Amino acid sequence: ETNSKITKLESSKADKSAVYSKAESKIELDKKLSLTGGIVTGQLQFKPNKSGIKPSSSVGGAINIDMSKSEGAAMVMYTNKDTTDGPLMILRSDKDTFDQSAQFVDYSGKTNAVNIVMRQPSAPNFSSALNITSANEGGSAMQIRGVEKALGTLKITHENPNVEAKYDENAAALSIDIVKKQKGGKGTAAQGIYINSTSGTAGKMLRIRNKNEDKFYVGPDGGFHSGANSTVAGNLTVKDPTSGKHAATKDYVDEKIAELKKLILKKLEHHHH
Amino acid sequence: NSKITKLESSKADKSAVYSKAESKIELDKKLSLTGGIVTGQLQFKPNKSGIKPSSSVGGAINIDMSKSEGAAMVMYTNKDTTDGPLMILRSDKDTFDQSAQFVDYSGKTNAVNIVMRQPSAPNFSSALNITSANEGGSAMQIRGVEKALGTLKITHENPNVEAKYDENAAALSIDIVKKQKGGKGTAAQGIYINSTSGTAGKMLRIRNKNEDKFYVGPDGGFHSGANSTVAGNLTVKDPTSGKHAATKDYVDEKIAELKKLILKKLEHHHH
Amino acid sequence: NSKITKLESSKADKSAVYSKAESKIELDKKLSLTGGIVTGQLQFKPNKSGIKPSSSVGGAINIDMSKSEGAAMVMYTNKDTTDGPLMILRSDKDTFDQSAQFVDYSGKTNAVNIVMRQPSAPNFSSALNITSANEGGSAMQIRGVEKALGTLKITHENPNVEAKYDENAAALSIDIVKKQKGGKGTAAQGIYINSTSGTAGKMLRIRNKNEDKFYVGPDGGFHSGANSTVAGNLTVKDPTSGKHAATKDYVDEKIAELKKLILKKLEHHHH
Ligand code: NI
């Protein structure tokens, strides 16, 4: 009865058929993502349940990338495809009650928080670096606020794309269009540019300069200064003049003519020989 | 007997099989679907993988937050300095016919929010910086349908309590420059305002302290609220009302009229 | 008679190894490189891991769509309300010397597109909101090289069919305000238009129905297309042409000139 041992070896020990070898384990493990990194070739879906995903801008998110301890970018999305069927990155919210932003960038630093560069195409096309559209009539499509000491809150620079001076004659730095409703619109009373100072400013409201020479401005009181010959295709209403170079009114001309007429008729009616 | 042979065949060698503990060691190096911490680079290289453009179910990465609280993704850094931006989107072919980023937003607050915090020391940075080298298209476009607001709203706030501190600031600053390399000039315009369908509103309206100071109407007439100056001549129509500016012709027209009548009285004077 | 000791040693016990079925259970809780569904938080904490800034191969996450259709990543939510934004980029140190986001775009359509859909009810919300507390730099900069378009193009569309519905709207709205906490005023300007190199084009050009109504030329002269008013005096040069506005000096000189001439005719006539 020496086989009271072989039976207990036949029972208590694992059959190769019923267990993975290390070579087979490696095969299986190699199809799984290592925490040290790997290459995913399919779709990675995130569907958090009662997972405790938080809104914190430091430790929150279904994906959280903390670069505090590392050089490099948090995420890079690259494509050299000639054409494709969708954008690289999509953010979408469907419910009208949604009360948060699609994207919030909270930037401290010494350079531009967000940088959008459109490279030069082989052939010009109507594409833009950034395109904004809103169908909400209750709010501005876009808002900008800044606290600049000596610069514009919005700075627009147009550079001539060509060496020849007369190439960009139809270009502008700022182009504004005011249109009626596309489907069935009967017109519009919308304004072009509205400049206001709710608290009141001492500065010029509109100031135009060319080649380091000021050319035209509208002051804080609404008076304008034009730097060259000007034209009104129409009448201009002004105050009566009280100084030599003030424009003369029709009334002023007529009063001075009438005054001289009276004096001369006086002399004529009373002169003798 | 020969029982041993069978057990030498059908039984597992310790050397060729991972133990329970060893298996735990190996499995812990793999990401659990319930979550984990990745310390290396995660690369996505889909290639005939059925990736879709769908703005709901598409993407090599898809994050659906419909049933959950919190952000979809947070990118955070407390590093003092580094060698690259947090997030980069890049497409290299000029024939590429989709956007780098598409925001399709419904909701009650701002779709995209960009905040530049107050730095310890003022610097030249901007919250958003746009450059285009495509001469065939606007660098940026904005379209809106506001009832009673601006499509673009610009607010400049004085950074200082003192009133004259921001005397060189502006809400909108425009520069018009020649080509950097070898440019001979430019004929580009500053501000171009048009209404292709035609509007009844003021083209330009200027106010200060809630009161109208200067405006240009839809017909191109202007209304100025204070004393004004033309460093030059101003051409106007002949006046037909008391406060209309008088032309040189009108002054000369009247002078000649009075001259004629007086000389006629003088030539026919009778004692 | 002692091999049994060698097999008790060299062979794996049932208790100390996982079966094929139990291995499967454990492996099924791990993410396959072929794809899967993550239900918890995935944290990235690289730390001397060789993460690079490269806009092609860098990032703790890298998505290369060169060989695949579809989007790189999609963030979707159908939630009614929530406690934070979908995507957050945050940098905390004021010495941070890289951007939060860099888009390096080549292609034929818009690099970044932001769309706010029509809400059930109008509300005070924007597609894009920009705010800087950095007094040393513009909140926003735009540069373009357009041949025949605006670097910035703003379109306001009437939200309603009725022509006067949008009478209080504008394409561009500018406000100039004092410092909120204790500000005593501001000297900031509204719109500053300049050409540092000098341009031949009109600085301000206003049109209605594609026809010029008002413009300021490169020399600062203006043309108004209709009746206009100055609530004040207008200073001009003395006229040298028929339709030039007449000065007070010119009126007085011509009146005095005729007076003299008439009085000398009267002083010397005889009959
Ligand atoms: Ni006589």
# chains A, B, ... in the order shown; residues from 1 in each chain; ligands from 1
>>> residues_around(residues="residue 111 in chain C", least_positions_apart="6", cutoff="7 Å", atoms="only C-alpha atoms", output="JSON, numbers by chain")
{"A": [118, 128, 129, 130], "B": [99, 100, 101], "C": [105]}
>>> write_last_selection(atoms="N, CA, C and O atoms", output="compact mmCIF listing (two decimals), in the first residue's frame")
# COMPACT_ATOMS: atom_id res chain seq x y z
N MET A 118 -2.85 78.28 -38.13
CA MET A 118 -3.19 77.71 -39.43
C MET A 118 -1.96 77.84 -40.33
O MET A 118 -1.57 78.95 -40.69
N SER A 128 -10.62 78.98 -41.89
CA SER A 128 -10.21 79.86 -40.81
C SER A 128 -9.53 79.06 -39.70
O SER A 128 -9.73 77.85 -39.57
N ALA A 129 -8.72 79.76 -38.91
CA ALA A 129 -8.14 79.13 -37.73
C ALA A 129 -9.20 78.83 -36.67
O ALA A 129 -9.17 77.76 -36.05
N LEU A 130 -10.13 79.76 -36.45
CA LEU A 130 -11.17 79.57 -35.46
C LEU A 130 -12.49 80.10 -35.98
O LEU A 130 -12.55 81.23 -36.49
N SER B 99 -11.98 69.42 -39.03
CA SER B 99 -11.40 70.29 -38.02
C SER B 99 -10.47 69.51 -37.10
O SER B 99 -10.57 68.29 -36.96
N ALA B 100 -9.54 70.24 -36.48
CA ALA B 100 -8.78 69.66 -35.37
C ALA B 100 -9.67 69.49 -34.14
O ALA B 100 -9.58 68.47 -33.44
N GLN B 101 -10.53 70.46 -33.87
CA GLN B 101 -11.44 70.42 -32.74
C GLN B 101 -12.81 70.92 -33.14
O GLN B 101 -12.93 71.94 -33.82
N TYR C 105 -2.42 73.26 -37.19
CA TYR C 105 -3.39 72.79 -38.17
C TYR C 105 -2.94 73.11 -39.59
O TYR C 105 -2.64 74.27 -39.91
>>> calpha_fit_rmsd(fixed="chain B", moving="chain C")
0.6 Å
>>> closest_atom_pairs(of="chain B", to="ligand 1", cutoff="12 Å", atoms="only C-alpha atoms and all ligand atoms", output="Markdown table")
| residue | atom | partner | partner_atom_place_in_ligand_line | distance |
| --- | --- | --- | --- | --- |
| B:265 | CA | ligand 1 | 1 (Ni) | 10.2 |
| B:266 | CA | ligand 1 | 1 (Ni) | 7.6 |
| B:267 | CA | ligand 1 | 1 (Ni) | 9.2 |
| B:268 | CA | ligand 1 | 1 (Ni) | 9.3 |
| B:269 | CA | ligand 1 | 1 (Ni) | 6.1 |
| B:270 | CA | ligand 1 | 1 (Ni) | 7.0 |
| B:271 | CA | ligand 1 | 1 (Ni) | 6.7 |
>>> write_last_selection(atoms="C-alpha atoms", output="tab-separated table (two decimals), in the first residue's frame")
chain	number	residue	atom	x	y	z
B	265	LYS	CA	-30.18	152.40	-56.62
B	266	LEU	CA	-26.96	154.44	-56.95
B	267	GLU	CA	-27.07	154.61	-60.76
B	268	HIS	CA	-30.70	155.79	-60.71
B	269	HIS	CA	-30.43	158.01	-57.66
B	270	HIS	CA	-32.65	161.04	-58.07
B	271	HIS	CA	-32.57	164.25	-56.04
>>> atom_distance(atom1="CA of residue 175 in chain C", atom2="CA of residue 163 in chain C")
25.9 Å
>>> residues_around(residues="residue 60 in chain B", least_positions_apart="2", cutoff="7 Å", atoms="only C-alpha atoms", output="list in words")
residues 42, 43 and 44 of chain A; 51 and 62 of chain B; 71, 72 and 73 of chain C
>>> atom_distance(atom1="CA of residue 104 in chain B", atom2="CA of residue 134 in chain A")
10.4 Å
>>> select_by_dssp(residues="range 49-245 of chain C", states="strand (DSSP E)", output="PyMOL selection string")
chain C and resi 61-64+73-77+87-91+101-105+112-116+128-132+140-144+150-157+170-177+189-194+204-207+212-216+222-224+228-230+234-235
>>> atom_distance(atom1="CA of residue 114 in chain B", atom2="CA of residue 128 in chain B")
7.6 Å
>>> closest_residue(among="A:255, A:10, A:15, A:28", to="residue 4 in chain C", atoms="only C-alpha atoms")
A:10
>>> select_by_dssp(residues="range 182-260 of chain B", states="helix (DSSP H, G or I)", output="short mmCIF file (atom, residue, chain, number, x, y, z; two decimals) with C-alpha atoms, in the first residue's frame")
data_model
loop_
_atom_site.label_atom_id
_atom_site.label_comp_id
_atom_site.auth_asym_id
_atom_site.auth_seq_id
_atom_site.Cartn_x
_atom_site.Cartn_y
_atom_site.Cartn_z
CA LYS B 248 -18.47 129.81 -50.62
CA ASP B 249 -20.96 130.01 -53.50
CA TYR B 250 -23.78 131.01 -51.13
CA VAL B 251 -21.72 133.80 -49.54
CA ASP B 252 -20.64 135.01 -52.98
CA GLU B 253 -24.18 134.51 -54.31
CA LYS B 254 -25.60 136.84 -51.67
CA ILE B 255 -22.81 139.41 -51.87
CA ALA B 256 -23.36 139.78 -55.62
CA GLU B 257 -27.12 140.11 -55.08
CA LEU B 258 -26.74 142.98 -52.61
CA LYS B 259 -24.06 144.63 -54.76
CA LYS B 260 -26.43 144.60 -57.76
#
>>> closest_residue(among="B:231, B:37, B:152, B:61", to="residue 174 in chain C", atoms="only C-alpha atoms")
B:152
>>> residues_around(residues="residue 95 in chain B", least_positions_apart="4", cutoff="6 Å", atoms="only C-alpha atoms", output="number ranges by chain")
A: 82; C: 107-108
>>> residues_around(residues="range 71-76 of chain A", least_positions_apart="3", cutoff="8 Å", atoms="only C-alpha atoms", output="number ranges by chain")
A: 65-67; B: 75, 82-90; C: 48, 50-63
>>> residues_around(residues="residue 182 in chain B", least_positions_apart="3", cutoff="9 Å", atoms="only C-alpha atoms", output="PyMOL selection string")
(chain A and resi 162-163) or (chain B and resi 178-179)
>>> closest_residue(among="A:173, A:113, A:195, A:39", to="residue 203 in chain B", atoms="only C-alpha atoms")
A:195
>>> closest_residue(among="A:52, A:80, A:142, A:110", to="residue 130 in chain C", atoms="only C-alpha atoms")
A:142
>>> decode(residues="range 94-128 of chain C", atoms="N, CA and C atoms", output="short mmCIF file (atom, residue, chain, number, x, y, z; two decimals), in the first residue's frame")
data_model
loop_
_atom_site.label_atom_id
_atom_site.label_comp_id
_atom_site.auth_asym_id
_atom_site.auth_seq_id
_atom_site.Cartn_x
_atom_site.Cartn_y
_atom_site.Cartn_z
N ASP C 94 2.63 80.31 -11.99
CA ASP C 94 2.74 81.48 -12.84
C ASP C 94 4.03 81.49 -13.65
N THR C 95 5.00 80.66 -13.29
CA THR C 95 6.23 80.51 -14.07
C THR C 95 6.07 79.54 -15.23
N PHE C 96 4.93 78.86 -15.33
CA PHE C 96 4.72 77.89 -16.40
C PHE C 96 4.90 78.55 -17.76
N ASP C 97 5.76 77.95 -18.59
CA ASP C 97 6.26 78.61 -19.79
C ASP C 97 5.82 77.90 -21.07
N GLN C 98 4.73 77.13 -21.01
CA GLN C 98 4.14 76.52 -22.19
C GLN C 98 2.64 76.79 -22.20
N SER C 99 2.03 76.56 -23.35
CA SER C 99 0.59 76.75 -23.49
C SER C 99 -0.18 75.60 -22.85
N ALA C 100 -1.43 75.89 -22.48
CA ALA C 100 -2.35 74.82 -22.11
C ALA C 100 -2.77 74.01 -23.33
N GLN C 101 -3.02 74.68 -24.45
CA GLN C 101 -3.43 74.02 -25.68
C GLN C 101 -2.72 74.64 -26.88
N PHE C 102 -2.22 73.78 -27.76
CA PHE C 102 -1.57 74.19 -29.00
C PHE C 102 -2.20 73.40 -30.13
N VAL C 103 -2.79 74.10 -31.10
CA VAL C 103 -3.37 73.47 -32.28
C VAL C 103 -2.51 73.85 -33.48
N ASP C 104 -1.91 72.85 -34.11
CA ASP C 104 -0.99 73.01 -35.24
C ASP C 104 -1.70 72.42 -36.46
N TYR C 105 -2.42 73.26 -37.19
CA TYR C 105 -3.39 72.79 -38.17
C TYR C 105 -2.94 73.11 -39.59
N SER C 106 -2.90 72.08 -40.43
CA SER C 106 -2.92 72.23 -41.88
C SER C 106 -4.18 71.57 -42.41
N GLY C 107 -4.81 72.19 -43.39
CA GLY C 107 -6.03 71.65 -43.96
C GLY C 107 -6.82 72.72 -44.68
N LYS C 108 -8.00 72.29 -45.15
CA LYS C 108 -8.84 73.12 -46.01
C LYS C 108 -10.12 73.59 -45.34
N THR C 109 -10.36 73.22 -44.08
CA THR C 109 -11.53 73.68 -43.36
C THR C 109 -11.08 74.31 -42.04
N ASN C 110 -12.05 74.71 -41.22
CA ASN C 110 -11.74 75.48 -40.01
C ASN C 110 -10.98 74.62 -39.00
N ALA C 111 -9.89 75.17 -38.47
CA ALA C 111 -9.04 74.42 -37.55
C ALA C 111 -9.79 74.06 -36.27
N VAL C 112 -10.50 75.03 -35.69
CA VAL C 112 -11.30 74.81 -34.49
C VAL C 112 -12.68 75.38 -34.74
N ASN C 113 -13.70 74.57 -34.48
CA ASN C 113 -15.08 74.98 -34.69
C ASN C 113 -15.89 74.86 -33.40
N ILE C 114 -16.48 75.97 -33.00
CA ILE C 114 -17.30 76.04 -31.79
C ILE C 114 -18.71 76.44 -32.19
N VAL C 115 -19.67 75.56 -31.93
CA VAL C 115 -21.07 75.77 -32.29
C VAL C 115 -21.91 75.69 -31.02
N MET C 116 -22.68 76.74 -30.74
CA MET C 116 -23.71 76.68 -29.72
C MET C 116 -25.06 76.56 -30.40
N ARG C 117 -25.73 75.43 -30.19
CA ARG C 117 -27.02 75.16 -30.79
C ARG C 117 -28.09 76.11 -30.24
N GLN C 118 -29.21 76.17 -30.95
CA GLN C 118 -30.33 77.00 -30.51
C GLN C 118 -30.92 76.43 -29.23
N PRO C 119 -30.96 77.19 -28.14
CA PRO C 119 -31.57 76.69 -26.91
C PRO C 119 -33.09 76.74 -26.97
N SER C 120 -33.71 75.92 -26.11
CA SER C 120 -35.16 75.96 -25.96
C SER C 120 -35.66 77.36 -25.65
N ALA C 121 -34.94 78.08 -24.78
CA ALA C 121 -35.25 79.45 -24.40
C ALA C 121 -33.99 80.29 -24.43
N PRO C 122 -34.05 81.51 -24.98
CA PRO C 122 -32.87 82.38 -24.97
C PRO C 122 -32.30 82.55 -23.57
N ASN C 123 -30.98 82.67 -23.50
CA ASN C 123 -30.29 82.84 -22.22
C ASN C 123 -28.99 83.62 -22.42
N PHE C 124 -28.40 84.06 -21.31
CA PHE C 124 -27.15 84.82 -21.36
C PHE C 124 -25.94 83.89 -21.37
N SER C 125 -25.65 83.30 -22.52
CA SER C 125 -24.52 82.40 -22.65
C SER C 125 -23.88 82.54 -24.02
N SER C 126 -22.59 82.37 -24.06
CA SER C 126 -21.82 82.57 -25.28
C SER C 126 -21.16 81.26 -25.72
N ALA C 127 -20.83 81.20 -27.01
CA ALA C 127 -20.06 80.07 -27.52
C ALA C 127 -18.63 80.09 -26.99
N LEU C 128 -18.02 81.26 -26.90
CA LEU C 128 -16.64 81.38 -26.44
C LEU C 128 -16.52 82.60 -25.54
#
